[PDB]
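Student: I have a structure I would like to understand better, so I am pasting it below and will then ask my questions one at a time.
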Amino acid sequence: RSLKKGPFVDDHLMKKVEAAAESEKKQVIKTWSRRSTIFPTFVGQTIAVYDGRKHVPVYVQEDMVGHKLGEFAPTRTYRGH
Amino acid sequence: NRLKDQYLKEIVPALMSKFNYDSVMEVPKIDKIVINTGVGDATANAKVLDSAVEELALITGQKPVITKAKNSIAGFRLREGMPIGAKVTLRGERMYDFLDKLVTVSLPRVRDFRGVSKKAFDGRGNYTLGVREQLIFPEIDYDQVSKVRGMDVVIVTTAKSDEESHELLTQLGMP
Amino acid sequence: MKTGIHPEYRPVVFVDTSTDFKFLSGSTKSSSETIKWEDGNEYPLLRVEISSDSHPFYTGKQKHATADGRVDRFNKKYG
Amino acid sequence: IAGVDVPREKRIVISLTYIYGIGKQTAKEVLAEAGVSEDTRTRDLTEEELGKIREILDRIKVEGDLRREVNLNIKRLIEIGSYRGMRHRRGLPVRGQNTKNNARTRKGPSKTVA
RNA sequence: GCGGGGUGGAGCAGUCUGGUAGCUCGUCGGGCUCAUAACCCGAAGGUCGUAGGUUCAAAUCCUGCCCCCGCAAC
RNA sequence: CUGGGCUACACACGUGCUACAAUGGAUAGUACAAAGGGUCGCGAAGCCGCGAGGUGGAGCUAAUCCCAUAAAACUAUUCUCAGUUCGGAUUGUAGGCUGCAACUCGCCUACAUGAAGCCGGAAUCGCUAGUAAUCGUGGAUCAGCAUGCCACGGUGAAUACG
Ligand SMILES: [Mg+2]
Ligand SMILES: [Mg+2]
Ligand SMILES: [Mg+2]
C-alpha cells in the first residue's frame, strides 16, 4: 500500500516466514505472492517467487526491504533481439 | 627545523635504545626525498610539462628537472631523448619541511585517508608512495589544474632494513 | 640553490581552522595573512582545513554510524 | 558567488533556480527566510545579505552531495538486480511505461534501422 | 617462375606526389502509385588482402606471407 | 483456481496530445456559458493539510440541493526576445486516493532534475460560416484508470478569379 494505513503482506507468507525463524535457512519458501512487501523479518531466508512459469530464488537483504517480491523475479525474458 | 629538532631530540635516542646499535652512527636517517611525476602524455602535447613543472615547483620549492627517455619504445609511441616527466630531489631543511607539510596538512586531505601501505618497501629499506592527484597539496589551487595526475614520492633512508625504516617513519608520523 | 630559478619559498605558519592547531614550516603561499607567532619573527599565515591534529585516522574514527539503511526507515514509518 | 557563479543580471529567484537542487519555490522560501525582496536583481545584492543566503543554502542539501545521493540510490537497485534497476542499466523507462513506440529520451536518439 | 591486381555488394579511380576516402550501378528507409518498376527525398555500408616496419601520422613509402586473373613450366 | 501476457522492443507507418514562445509565460484580482449526471449516488458550509486529499455531514430521488471557481477575454505588476521564468520528458525521494492488492501494471500531488525541440525533406490532410482555428465543460464506459469517443457552449476569421 502507498499509504500510512499499511503495510501489506500476505498472511500465508508472513506466517511461514515467522515459522522460519527456526528454519536455519537450509530450507526455502515458495510463494505465488509477488504483491507482498518485504519486511526486515524476511531477511536471510531465500524466497522462491513464482514469475509465471517457475519459482525463481531471491536472497533478501536490508537493501531490498521496502520493495515487493516481484521486483526481483522478472516476468518477460528478453535477449536484445 | 621543527622535525629535525624533533628527530635529534627524541627519535634517535628512542630508536637506538630500541634497535640496540653499537654506535650513534648506525642509527638511520633520511638521506633524501625524491618526487617524480612520470608524465607520458608529453609525447603528444607540450602544455603538459608546462603544467607539471610549475606545479611541482610550487608543491616542492625548487625547480624540477625534466627527465628524458634512456631508450626508444614503439608500444608507447616513444622516441629516445623525448622529455618524460620531471623530478625533484629534496634534502635537508626542505625535505624536513616537505614531510612536515605532508603529514600535517596534505595526507589528511585525501578522499578516504586511512594511512598508506606498510608493505610498500623496496626490500633494501626505503619507502615509496604515490600521491594520486596533486591537488592534495595546498600550494596549488584546484582551479589551476587542467587535468590531474599523480606523482611518486620516494623517502630514501640509510636504514638497512624494513623494520628500522618503518620505525623511523612511524616516529616521524607516517601512518 | 641558484638565483632567480626557484620560486619564492619562505617560512609560513599553517593553522588548522577546525581546532586552531598552529604549525610552522616552509612554503610559497601567503593566503593573504600574517602573524608574529614564536615571538621574534614575522611569518605569513597559510590557514587550512583539517590537519593531522584532527584527522580521524590519527584520532577517533567511529563517527558517522547514523543509520542501517531502509530498515529503521521502514520501522519508523510504520511502527 | 553562491556555490557557483550564478548570473549577475538575473533576479535572485531565477539565479537560485540555476543551482542543481533548487527551484523557484525553494528560492522563494529561502529569500523569505532571509526577509529579502525577491524581485531584486543579483548584481544589486549586498554582501551580508549574500552571506545569510549562503547560510540558508548550506542548511539546504549540497549540490554535489545531491548528485552523489541520487547516484547512490540508482547504484543500489542496479547492484541488487531488481527489475527497476535492470531498466536503469538497460537504458529504458522505469515507470510502467510503453516501449513499442515513444521511448526516445531513454533509448537515445533514433537508432539504426534493423 | 614472370606480369597485373587485392579499396563498402559489383565494376573503377585515388598510390607515382604521406594528412584528402571519391564516380556509376546497387542496398535500406520514407514518399508517388491499387501494387512492382521508374522518379523524388534522406541514410547506411569500406581501418583499403594480411603481419610487421618507417613516419607526428600510411590505402599511399619498405619488407614477408596469403589469394584471384593471364602467360610460361608441368 | 493461482500467477503471468494482452502494457514486451533494434526499428517502420497512421491517428492525436503537448510544444518549439512576447498576439506569450509567472503572480494577483476578476466578468460572461450551454448542454448534462446524481440513492446508496451527488456531496455543500466550516475546518486540517503547501497540495493531491482528509474530516464533516447540510440539502437532494432533484428547474429546489450538489457535481460546478468555466477557461480562454479583460484589467494591473513582472519577465525583455534569451534554449529563455520557453518547454515539459526522464529520473530520485516523500505523499494521497481507489481497491484484498498499484513490482510486472493505475491516476494524481510536493520538492528537485531539467531532456528533445529555436516552426519542420520529398510529400500530404481538413475546411465555404457561427464554419475552420481556439478555449474550457459535461456524459458514457467505470471502484480506480483517457491526449480517445459523443454532445455542449465561449471567442471567431480568410477566400472562392474560375
Ligand atoms: Mg590517409
Ligand atoms: Mg491491445
Ligand atoms: Mg465554386
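Please note that chains go A, B, ... in the order of the C-alpha cells, that every chain numbers its residues from 1, and that ligands are numbered from 1 in the order shown.
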Show me which residues are within 9 Å of ligand 3 counting only C-alpha atoms (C1' of nucleotides) and all ligand atoms, and format the list as a count of residues only.
Tutor: 3
Student: Using only C-alpha atoms (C1' of nucleotides) and all ligand atoms, find each residue with an atom at most 10 Å away from ligand 1 and format the answer as a PDB file with N, CA, C and O atoms (P, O5', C5', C4', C3', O3' and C1' of nucleotides), in the first residue's frame.
Tutor:
```pdb
ATOM      1  P     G E  18      54.310  12.545 -50.968  1.00  0.00           P
ATOM      2  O5'   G E  18      53.033  12.120 -50.118  1.00  0.00           O
ATOM      3  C5'   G E  18      52.428  10.850 -50.308  1.00  0.00           C
ATOM      4  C4'   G E  18      51.459  10.508 -49.211  1.00  0.00           C
ATOM      5  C3'   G E  18      50.774  11.701 -48.570  1.00  0.00           C
ATOM      6  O3'   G E  18      49.471  11.327 -48.147  1.00  0.00           O
ATOM      7  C1'   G E  18      52.038  10.560 -46.944  1.00  0.00           C
ATOM      8  P     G E  19      48.202  12.220 -48.543  1.00  0.00           P
ATOM      9  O5'   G E  19      47.261  12.077 -47.272  1.00  0.00           O
ATOM     10  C5'   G E  19      47.826  11.856 -45.987  1.00  0.00           C
ATOM     11  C4'   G E  19      46.904  12.230 -44.857  1.00  0.00           C
ATOM     12  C3'   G E  19      45.758  13.153 -45.208  1.00  0.00           C
ATOM     13  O3'   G E  19      44.671  12.902 -44.328  1.00  0.00           O
ATOM     14  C1'   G E  19      47.307  14.297 -43.811  1.00  0.00           C
ATOM     15  P     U E  20      43.676  11.680 -44.642  1.00  0.00           P
ATOM     16  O5'   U E  20      42.765  12.248 -45.815  1.00  0.00           O
ATOM     17  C5'   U E  20      41.750  13.181 -45.493  1.00  0.00           C
ATOM     18  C4'   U E  20      41.070  13.802 -46.687  1.00  0.00           C
ATOM     19  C3'   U E  20      40.626  12.852 -47.801  1.00  0.00           C
ATOM     20  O3'   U E  20      39.432  13.350 -48.405  1.00  0.00           O
ATOM     21  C1'   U E  20      42.033  14.472 -48.692  1.00  0.00           C
ATOM     22  P     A E  21      38.024  13.310 -47.632  1.00  0.00           P
ATOM     23  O5'   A E  21      38.106  11.998 -46.747  1.00  0.00           O
ATOM     24  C5'   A E  21      37.103  11.008 -46.866  1.00  0.00           C
ATOM     25  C4'   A E  21      37.284  10.208 -48.132  1.00  0.00           C
ATOM     26  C3'   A E  21      36.091   9.414 -48.626  1.00  0.00           C
ATOM     27  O3'   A E  21      35.146  10.224 -49.302  1.00  0.00           O
ATOM     28  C1'   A E  21      38.046   8.110 -48.782  1.00  0.00           C
ATOM     29  P     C E  48      43.412  -1.425 -43.595  1.00  0.00           P
ATOM     30  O5'   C E  48      42.612  -1.139 -44.944  1.00  0.00           O
ATOM     31  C5'   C E  48      41.674  -2.073 -45.468  1.00  0.00           C
ATOM     32  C4'   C E  48      41.624  -2.037 -46.973  1.00  0.00           C
ATOM     33  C3'   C E  48      42.978  -2.114 -47.657  1.00  0.00           C
ATOM     34  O3'   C E  48      42.877  -2.814 -48.892  1.00  0.00           O
ATOM     35  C1'   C E  48      41.934  -0.087 -48.224  1.00  0.00           C
ATOM     36  P     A E  57      54.172   8.243 -35.814  1.00  0.00           P
ATOM     37  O5'   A E  57      52.928   8.303 -36.801  1.00  0.00           O
ATOM     38  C5'   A E  57      51.613   8.206 -36.280  1.00  0.00           C
ATOM     39  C4'   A E  57      50.575   8.792 -37.210  1.00  0.00           C
ATOM     40  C3'   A E  57      50.389   8.107 -38.557  1.00  0.00           C
ATOM     41  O3'   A E  57      49.542   6.973 -38.481  1.00  0.00           O
ATOM     42  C1'   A E  57      50.530  10.446 -38.865  1.00  0.00           C
ATOM     43  P     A E  58      49.942   5.616 -39.234  1.00  0.00           P
ATOM     44  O5'   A E  58      49.820   5.992 -40.770  1.00  0.00           O
ATOM     45  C5'   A E  58      48.611   6.529 -41.285  1.00  0.00           C
ATOM     46  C4'   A E  58      48.480   6.296 -42.766  1.00  0.00           C
ATOM     47  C3'   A E  58      48.135   4.869 -43.163  1.00  0.00           C
ATOM     48  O3'   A E  58      47.371   4.904 -44.362  1.00  0.00           O
ATOM     49  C1'   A E  58      50.196   5.450 -44.110  1.00  0.00           C
ATOM     50  P     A E  59      45.777   5.081 -44.320  1.00  0.00           P
ATOM     51  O5'   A E  59      45.268   4.015 -45.375  1.00  0.00           O
ATOM     52  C5'   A E  59      45.769   2.687 -45.365  1.00  0.00           C
ATOM     53  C4'   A E  59      45.745   2.101 -46.745  1.00  0.00           C
ATOM     54  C3'   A E  59      47.016   2.258 -47.570  1.00  0.00           C
ATOM     55  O3'   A E  59      47.946   1.212 -47.353  1.00  0.00           O
ATOM     56  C1'   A E  59      45.119   2.921 -48.834  1.00  0.00           C
ATOM     57  P     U E  60      49.525   1.494 -47.425  1.00  0.00           P
ATOM     58  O5'   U E  60      49.686   2.626 -48.535  1.00  0.00           O
ATOM     59  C5'   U E  60      49.828   2.294 -49.912  1.00  0.00           C
ATOM     60  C4'   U E  60      50.032   3.507 -50.780  1.00  0.00           C
ATOM     61  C3'   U E  60      51.384   4.203 -50.640  1.00  0.00           C
ATOM     62  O3'   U E  60      51.829   4.684 -51.906  1.00  0.00           O
ATOM     63  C1'   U E  60      49.659   5.736 -50.183  1.00  0.00           C
TER      64        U E  60
END
```
Student: Just the residues within 9 Å of range 28-39 of chain C, please, counting only C-alpha atoms (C1' of nucleotides), with nothing from its chain fewer than 4 positions along; format it as a PDB file with N, CA and C atoms, in the first residue's frame.
Tutor:
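Contents of around37.pdb, freshly written:
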```
ATOM      1  N   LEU B  58      55.869  24.552  -7.390  1.00  0.00           N
ATOM      2  CA  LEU B  58      55.008  25.122  -6.360  1.00  0.00           C
ATOM      3  C   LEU B  58      54.822  24.158  -5.197  1.00  0.00           C
ATOM      4  N   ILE B  59      54.626  22.877  -5.496  1.00  0.00           N
ATOM      5  CA  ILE B  59      54.415  21.886  -4.445  1.00  0.00           C
ATOM      6  C   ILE B  59      55.672  21.719  -3.604  1.00  0.00           C
ATOM      7  N   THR B  60      56.834  21.997  -4.188  1.00  0.00           N
ATOM      8  CA  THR B  60      58.095  21.499  -3.676  1.00  0.00           C
ATOM      9  C   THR B  60      59.069  22.577  -3.229  1.00  0.00           C
ATOM     10  N   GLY B  61      59.192  23.680  -3.963  1.00  0.00           N
ATOM     11  CA  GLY B  61      60.042  24.781  -3.579  1.00  0.00           C
ATOM     12  C   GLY B  61      61.365  24.852  -4.289  1.00  0.00           C
ATOM     13  N   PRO B 138      48.523  21.935  -0.712  1.00  0.00           N
ATOM     14  CA  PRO B 138      47.884  23.252  -0.578  1.00  0.00           C
ATOM     15  C   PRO B 138      48.494  24.332  -1.451  1.00  0.00           C
ATOM     16  N   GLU B 139      49.811  24.311  -1.690  1.00  0.00           N
ATOM     17  CA  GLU B 139      50.479  25.330  -2.501  1.00  0.00           C
ATOM     18  C   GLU B 139      49.815  25.558  -3.850  1.00  0.00           C
ATOM     19  N   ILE B 140      49.129  24.554  -4.386  1.00  0.00           N
ATOM     20  CA  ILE B 140      48.477  24.617  -5.685  1.00  0.00           C
ATOM     21  C   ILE B 140      46.973  24.676  -5.475  1.00  0.00           C
TER      22      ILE B 140
ATOM     23  N   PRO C   7      61.165  29.257  -7.072  1.00  0.00           N
ATOM     24  CA  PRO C   7      60.108  30.205  -6.725  1.00  0.00           C
ATOM     25  C   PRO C   7      60.249  30.663  -5.286  1.00  0.00           C
ATOM     26  N   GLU C   8      59.604  31.785  -4.984  1.00  0.00           N
ATOM     27  CA  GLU C   8      59.610  32.360  -3.642  1.00  0.00           C
ATOM     28  C   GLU C   8      59.170  31.337  -2.604  1.00  0.00           C
ATOM     29  N   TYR C   9      60.079  30.961  -1.709  1.00  0.00           N
ATOM     30  CA  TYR C   9      59.841  29.937  -0.699  1.00  0.00           C
ATOM     31  C   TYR C   9      60.259  30.501   0.647  1.00  0.00           C
ATOM     32  N   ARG C  10      59.350  30.471   1.615  1.00  0.00           N
ATOM     33  CA  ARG C  10      59.526  31.250   2.831  1.00  0.00           C
ATOM     34  C   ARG C  10      58.880  30.505   3.988  1.00  0.00           C
ATOM     35  N   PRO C  11      59.256  30.825   5.227  1.00  0.00           N
ATOM     36  CA  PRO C  11      58.651  30.139   6.376  1.00  0.00           C
ATOM     37  C   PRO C  11      57.260  30.675   6.671  1.00  0.00           C
ATOM     38  N   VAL C  12      56.295  29.759   6.751  1.00  0.00           N
ATOM     39  CA  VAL C  12      54.882  30.097   6.809  1.00  0.00           C
ATOM     40  C   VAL C  12      54.223  29.226   7.865  1.00  0.00           C
ATOM     41  N   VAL C  13      53.241  29.791   8.559  1.00  0.00           N
ATOM     42  CA  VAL C  13      52.579  29.119   9.670  1.00  0.00           C
ATOM     43  C   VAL C  13      51.242  28.600   9.175  1.00  0.00           C
ATOM     44  N   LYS C  22      48.468  25.239  15.477  1.00  0.00           N
ATOM     45  CA  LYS C  22      49.450  26.108  14.843  1.00  0.00           C
ATOM     46  C   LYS C  22      50.724  25.332  14.542  1.00  0.00           C
ATOM     47  N   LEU C  24      54.580  25.732  12.164  1.00  0.00           N
ATOM     48  CA  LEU C  24      55.455  26.435  11.236  1.00  0.00           C
ATOM     49  C   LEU C  24      56.111  25.466  10.270  1.00  0.00           C
ATOM     50  N   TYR C  43      55.797  35.812  10.333  1.00  0.00           N
ATOM     51  CA  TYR C  43      55.538  34.656   9.498  1.00  0.00           C
ATOM     52  C   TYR C  43      54.190  34.858   8.814  1.00  0.00           C
ATOM     53  N   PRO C  44      54.093  34.662   7.497  1.00  0.00           N
ATOM     54  CA  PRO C  44      52.766  34.592   6.890  1.00  0.00           C
ATOM     55  C   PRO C  44      51.986  33.416   7.446  1.00  0.00           C
ATOM     56  N   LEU C  45      50.696  33.402   7.138  1.00  0.00           N
ATOM     57  CA  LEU C  45      49.733  32.503   7.757  1.00  0.00           C
ATOM     58  C   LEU C  45      48.980  31.823   6.630  1.00  0.00           C
ATOM     59  N   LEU C  46      49.281  30.545   6.422  1.00  0.00           N
ATOM     60  CA  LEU C  46      48.604  29.726   5.429  1.00  0.00           C
ATOM     61  C   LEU C  46      47.573  28.856   6.147  1.00  0.00           C
ATOM     62  N   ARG C  47      46.458  29.501   6.489  1.00  0.00           N
ATOM     63  CA  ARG C  47      45.316  28.828   7.095  1.00  0.00           C
ATOM     64  C   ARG C  47      44.914  27.616   6.275  1.00  0.00           C
TER      65      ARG C  47
END
```
Student: For ligand 2, which residue out of F:20, F:108, F:97, F:6 is the nearest one, using only C-alpha atoms (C1' of nucleotides) and all ligand atoms?
Tutor: F:6
Student: So which residues of range 6-171 of chain B fall under strand (DSSP E or B) by DSSP, listed as JSON, numbers by chain?
Tutor: {"B": [30, 31, 32, 33, 34, 35, 36, 65, 66, 67, 68, 73, 78, 83, 84, 85, 86, 87, 88, 89, 90, 121, 127, 128, 129, 130, 131, 151, 152, 153, 154, 155, 156, 157]}
Student: Can I get the residues close to ligand 2 as a PyMOL selection string, where close means within 12 Å and we count only C-alpha atoms (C1' of nucleotides) and all ligand atoms?
Tutor: (chain D and resi 98+100) or (chain F and resi 5-7)
Student: Next, the residues of the selection above should be written as a PDB file, in the first residue's frame with C-alpha atoms (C1' of nucleotides).
Tutor:
```
ATOM      1  CA  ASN D  98       5.446   1.535 -23.077  1.00  0.00           C
ATOM      2  CA  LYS D 100       6.859  -0.411 -28.635  1.00  0.00           C
TER       3      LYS D 100
ATOM      4  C1'   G F   5       0.721 -11.924 -21.023  1.00  0.00           C
ATOM      5  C1'   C F   6      -2.685  -8.748 -23.923  1.00  0.00           C
ATOM      6  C1'   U F   7       1.397  -2.737 -21.351  1.00  0.00           C
TER       7        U F   7
END
```
Student: I want to know what sits within 12 Å of residue 16 in chain C, based on only C-alpha atoms (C1' of nucleotides), with residues of the same chain fewer than 4 positions away left out; could you give that as a PyMOL selection string?
Tutor: (chain B and resi 104-106+108-109) or (chain C and resi 20-24+45-55)
Student: Could you turn the residues from that selection into a file that holds N, CA, C and O atoms, as a PDB file, in the first residue's frame?
Tutor:
```pdb
ATOM      1  N   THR B 104      51.206  16.845   8.172  1.00  0.00           N
ATOM      2  CA  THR B 104      50.386  17.820   8.874  1.00  0.00           C
ATOM      3  C   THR B 104      49.127  18.156   8.085  1.00  0.00           C
ATOM      4  O   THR B 104      48.022  18.117   8.634  1.00  0.00           O
ATOM      5  N   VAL B 105      49.267  18.424   6.790  1.00  0.00           N
ATOM      6  CA  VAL B 105      48.242  19.125   6.037  1.00  0.00           C
ATOM      7  C   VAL B 105      47.658  18.260   4.935  1.00  0.00           C
ATOM      8  O   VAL B 105      46.435  18.150   4.811  1.00  0.00           O
ATOM      9  N   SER B 106      48.500  17.612   4.128  1.00  0.00           N
ATOM     10  CA  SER B 106      48.043  17.166   2.816  1.00  0.00           C
ATOM     11  C   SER B 106      47.553  15.724   2.830  1.00  0.00           C
ATOM     12  O   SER B 106      46.533  15.411   2.209  1.00  0.00           O
ATOM     13  N   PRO B 108      45.957  14.127   5.204  1.00  0.00           N
ATOM     14  CA  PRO B 108      44.544  14.083   5.607  1.00  0.00           C
ATOM     15  C   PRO B 108      43.582  14.561   4.539  1.00  0.00           C
ATOM     16  O   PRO B 108      42.417  14.144   4.538  1.00  0.00           O
ATOM     17  N   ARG B 109      44.028  15.421   3.626  1.00  0.00           N
ATOM     18  CA  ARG B 109      43.150  15.967   2.601  1.00  0.00           C
ATOM     19  C   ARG B 109      42.720  14.926   1.574  1.00  0.00           C
ATOM     20  O   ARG B 109      41.826  15.204   0.770  1.00  0.00           O
TER      21      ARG B 109
ATOM     22  N   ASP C  20      42.439  25.185  15.545  1.00  0.00           N
ATOM     23  CA  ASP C  20      43.474  26.192  15.789  1.00  0.00           C
ATOM     24  C   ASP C  20      44.816  25.556  16.148  1.00  0.00           C
ATOM     25  O   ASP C  20      45.536  26.044  17.023  1.00  0.00           O
ATOM     26  N   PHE C  21      45.161  24.466  15.471  1.00  0.00           N
ATOM     27  CA  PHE C  21      46.474  23.850  15.613  1.00  0.00           C
ATOM     28  C   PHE C  21      47.490  24.640  14.800  1.00  0.00           C
ATOM     29  O   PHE C  21      47.404  24.660  13.569  1.00  0.00           O
ATOM     30  N   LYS C  22      48.468  25.239  15.477  1.00  0.00           N
ATOM     31  CA  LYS C  22      49.450  26.108  14.843  1.00  0.00           C
ATOM     32  C   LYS C  22      50.724  25.332  14.542  1.00  0.00           C
ATOM     33  O   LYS C  22      51.145  24.486  15.333  1.00  0.00           O
ATOM     34  N   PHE C  23      51.355  25.628  13.402  1.00  0.00           N
ATOM     35  CA  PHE C  23      52.487  24.809  12.979  1.00  0.00           C
ATOM     36  C   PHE C  23      53.300  25.512  11.902  1.00  0.00           C
ATOM     37  O   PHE C  23      52.782  25.795  10.826  1.00  0.00           O
ATOM     38  N   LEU C  24      54.580  25.732  12.164  1.00  0.00           N
ATOM     39  CA  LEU C  24      55.455  26.435  11.236  1.00  0.00           C
ATOM     40  C   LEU C  24      56.111  25.466  10.270  1.00  0.00           C
ATOM     41  O   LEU C  24      56.482  24.354  10.657  1.00  0.00           O
ATOM     42  N   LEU C  45      50.696  33.402   7.138  1.00  0.00           N
ATOM     43  CA  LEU C  45      49.733  32.503   7.757  1.00  0.00           C
ATOM     44  C   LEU C  45      48.980  31.823   6.630  1.00  0.00           C
ATOM     45  O   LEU C  45      48.151  32.446   5.964  1.00  0.00           O
ATOM     46  N   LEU C  46      49.281  30.545   6.422  1.00  0.00           N
ATOM     47  CA  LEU C  46      48.604  29.726   5.429  1.00  0.00           C
ATOM     48  C   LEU C  46      47.573  28.856   6.147  1.00  0.00           C
ATOM     49  O   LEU C  46      47.772  27.667   6.409  1.00  0.00           O
ATOM     50  N   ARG C  47      46.458  29.501   6.489  1.00  0.00           N
ATOM     51  CA  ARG C  47      45.316  28.828   7.095  1.00  0.00           C
ATOM     52  C   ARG C  47      44.914  27.616   6.275  1.00  0.00           C
ATOM     53  O   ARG C  47      45.196  27.543   5.076  1.00  0.00           O
ATOM     54  N   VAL C  48      44.254  26.656   6.919  1.00  0.00           N
ATOM     55  CA  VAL C  48      43.896  25.422   6.236  1.00  0.00           C
ATOM     56  C   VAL C  48      42.752  24.734   6.963  1.00  0.00           C
ATOM     57  O   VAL C  48      42.460  25.010   8.128  1.00  0.00           O
ATOM     58  N   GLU C  49      42.092  23.838   6.241  1.00  0.00           N
ATOM     59  CA  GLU C  49      41.125  22.910   6.800  1.00  0.00           C
ATOM     60  C   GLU C  49      41.898  21.799   7.505  1.00  0.00           C
ATOM     61  O   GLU C  49      43.084  21.940   7.812  1.00  0.00           O
ATOM     62  N   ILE C  50      41.215  20.684   7.778  1.00  0.00           N
ATOM     63  CA  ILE C  50      41.650  19.634   8.697  1.00  0.00           C
ATOM     64  C   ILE C  50      43.114  19.250   8.551  1.00  0.00           C
ATOM     65  O   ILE C  50      43.634  19.122   7.438  1.00  0.00           O
ATOM     66  N   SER C  51      43.776  19.082   9.683  1.00  0.00           N
ATOM     67  CA  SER C  51      45.174  18.707   9.766  1.00  0.00           C
ATOM     68  C   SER C  51      45.304  17.351  10.445  1.00  0.00           C
ATOM     69  O   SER C  51      44.317  16.692  10.784  1.00  0.00           O
ATOM     70  N   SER C  52      46.552  16.934  10.638  1.00  0.00           N
ATOM     71  CA  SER C  52      46.827  15.709  11.370  1.00  0.00           C
ATOM     72  C   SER C  52      46.353  15.785  12.809  1.00  0.00           C
ATOM     73  O   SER C  52      46.024  14.752  13.397  1.00  0.00           O
ATOM     74  N   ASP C  53      46.301  16.984  13.382  1.00  0.00           N
ATOM     75  CA  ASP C  53      45.793  17.157  14.735  1.00  0.00           C
ATOM     76  C   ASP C  53      44.330  16.763  14.882  1.00  0.00           C
ATOM     77  O   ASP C  53      43.878  16.596  16.019  1.00  0.00           O
ATOM     78  N   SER C  54      43.588  16.599  13.782  1.00  0.00           N
ATOM     79  CA  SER C  54      42.149  16.403  13.850  1.00  0.00           C
ATOM     80  C   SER C  54      41.633  15.288  12.939  1.00  0.00           C
ATOM     81  O   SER C  54      40.450  14.943  13.004  1.00  0.00           O
ATOM     82  N   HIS C  55      42.490  14.702  12.109  1.00  0.00           N
ATOM     83  CA  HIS C  55      42.016  13.710  11.150  1.00  0.00           C
ATOM     84  C   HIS C  55      41.583  12.438  11.878  1.00  0.00           C
ATOM     85  O   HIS C  55      42.244  12.024  12.839  1.00  0.00           O
TER      86      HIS C  55
END
```
Student: Give as an mmCIF file with N, CA, C and O atoms, in the first residue's frame every residue of chain B that touches chain E within 10 Å, counting only C-alpha atoms (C1' of nucleotides).
Tutor:
```cif
data_model
loop_
_atom_site.group_PDB
_atom_site.id
_atom_site.type_symbol
_atom_site.label_atom_id
_atom_site.label_comp_id
_atom_site.auth_asym_id
_atom_site.auth_seq_id
_atom_site.Cartn_x
_atom_site.Cartn_y
_atom_site.Cartn_z
ATOM 1 N N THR B 43 54.378 13.047 -24.989
ATOM 2 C CA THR B 43 54.638 12.647 -26.364
ATOM 3 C C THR B 43 53.796 13.438 -27.347
ATOM 4 O O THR B 43 54.247 13.715 -28.463
ATOM 5 N N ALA B 44 52.592 13.829 -26.941
ATOM 6 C CA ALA B 44 51.601 14.370 -27.854
ATOM 7 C C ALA B 44 51.226 15.808 -27.551
ATOM 8 O O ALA B 44 50.399 16.381 -28.267
ATOM 9 N N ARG B 77 54.637 4.740 -28.336
ATOM 10 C CA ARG B 77 54.920 5.772 -29.324
ATOM 11 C C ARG B 77 55.940 6.758 -28.771
ATOM 12 O O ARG B 77 55.705 7.966 -28.697
#
```
Student: So that I can see what lies close to residue 69 in chain A, please list as a list in words the residues with an atom at most 9 Å from it, counting only C-alpha atoms (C1' of nucleotides) and leaving out residues fewer than 6 positions away in the same chain.
Tutor: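 The residues that qualify are residues 33, 34, 35, 36, 37, 38, 47, 49 and 58 of chain A; 103 of chain F.
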Student: Keeping only C-alpha atoms (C1' of nucleotides), write the selected residues to a file as a PDB file, in the first residue's frame.
Tutor:
```pdb
ATOM      1  CA  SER A  33       2.990 -13.811  -3.969  1.00  0.00           C
ATOM      2  CA  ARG A  34       4.618 -11.016  -5.921  1.00  0.00           C
ATOM      3  CA  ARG A  35       2.371  -8.292  -4.451  1.00  0.00           C
ATOM      4  CA  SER A  36       3.561  -8.594  -0.864  1.00  0.00           C
ATOM      5  CA  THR A  37       6.091  -6.202   0.597  1.00  0.00           C
ATOM      6  CA  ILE A  38       9.375  -7.300   2.099  1.00  0.00           C
ATOM      7  CA  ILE A  47      12.300 -16.967  -1.181  1.00  0.00           C
ATOM      8  CA  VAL A  49       8.918 -16.395  -6.151  1.00  0.00           C
ATOM      9  CA  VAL A  58      15.779 -14.227  -4.300  1.00  0.00           C
TER      10      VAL A  58
ATOM     11  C1'   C F 103       6.684  -4.703  -8.859  1.00  0.00           C
TER      12        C F 103
END
```
Student: Once you count only C-alpha atoms, which residues of chain A turn out to be within 8 Å of chain D? Could you give them as a PDB file with C-alpha atoms, in the first residue's frame?
Tutor:
```pdb
ATOM      1  CA  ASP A  63      18.673  -3.038   0.961  1.00  0.00           C
ATOM      2  CA  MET A  64      15.672  -4.830  -0.594  1.00  0.00           C
ATOM      3  CA  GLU A  71      10.800  -6.686  -8.492  1.00  0.00           C
ATOM      4  CA  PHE A  72      13.361  -9.484  -8.010  1.00  0.00           C
ATOM      5  CA  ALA A  73      11.594 -12.015 -10.273  1.00  0.00           C
ATOM      6  CA  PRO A  74      11.083 -10.734 -13.832  1.00  0.00           C
TER       7      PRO A  74
END
```
Student: Quick check, in Å to one decimal: how far apart do CA of residue 81 in chain A and CA of residue 48 in chain A lie?
Tutor: 28.0 Å
Student: Given the choices A:52, A:57, A:80, A:66, which gets closest to chain C if the distance is worked out from only C-alpha atoms?
Tutor: A:66
Student: With only C-alpha atoms as the basis for distance, which of B:71, B:20, B:1, B:134 is at the shortest distance from residue 57 in chain B?
Tutor: B:134
Student: Find the residues around residue 27 in chain A up to 12 Å (only C-alpha atoms (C1' of nucleotides) counted), leave out those fewer than 4 positions away in its own chain, and share them as a PyMOL selection string.
Tutor: chain A and resi 16-17+19-23+44-48+57
Student: Got a sec: who's within 7 Å of residue 71 in chain C, counting only C-alpha atoms (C1' of nucleotides), leaving out chain neighbours fewer than 5 positions off, as a PyMOL selection string?
Tutor: chain A and resi 40+62+65
